[PDB]
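We count residues from 1, following the sequence as given. Heavy atoms only: backbone and side chains are in, while hydrogens, waters and symmetry mates are out.
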Amino acid sequence: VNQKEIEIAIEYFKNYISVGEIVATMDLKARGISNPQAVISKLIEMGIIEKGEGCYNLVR
Ligand SMILES: [Gd]
Ligand SMILES: [Gd]
């Protein structure tokens with residue numbers, strides 16, 4: 001997973017606190033992330049975001 005892509009996704013979830021799986025996937029691809037699934041998994045691993053039911057929440 002690319003480091004610039006990690007920084008792009010982090011900034012995205014900071015501005016969008018709770019976002020659905022499908023909107024997040026669409027919006028991350030729009031900001032140049034071809035594989036948002038991989039970046040999202042890494043952000044969960046890092047404790048940046050948590051996964052609910054088809055929704056991602058910024059841990060804070
Ligand atoms: Gd939780
Ligand atoms: Gd959760």
Residues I33, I8; criterion side chain to side chain contact (heavy atoms under 4.5 Å, CB included); working and verdict: CA-CA 8 Å; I33 307 159; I8 290 169; 3.9 Å; yes
All side-chain contact (heavy atoms from CB on, under 4.5 Å) counterparts of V1, not counting sequence neighbours: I6, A38, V39
Listed once per pair and sorted, the side chain to side chain donor-acceptor pair (under 3.5 Å) pairs that draw on residues 28-48, sequence neighbours left out: none
Let me check something: any side-chain donor-acceptor pairs from residues 12-26 under 3.5 Å, sequence neighbours excluded? List them with distances.
from: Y12; atom 1: OH; to: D27; atom 2: OD2; distance (Å): 2.9
from: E21; atom 1: OE2; to: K51; atom 2: NZ; distance (Å): 2.8
from: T25; atom 1: OG1; to: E21; atom 2: O; distance (Å): 2.7

Shared hydrophobic cluster, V59 / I48 (ILVMFWY, side-chain heavy atoms < 4.5 Å): no
4.5 Å side-chain heavy-atom contact, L28 and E5: no
Reported CD1-to-CG distance for the pair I10 and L43, which is rounded to 0.5 angstrom: 4.5 Å
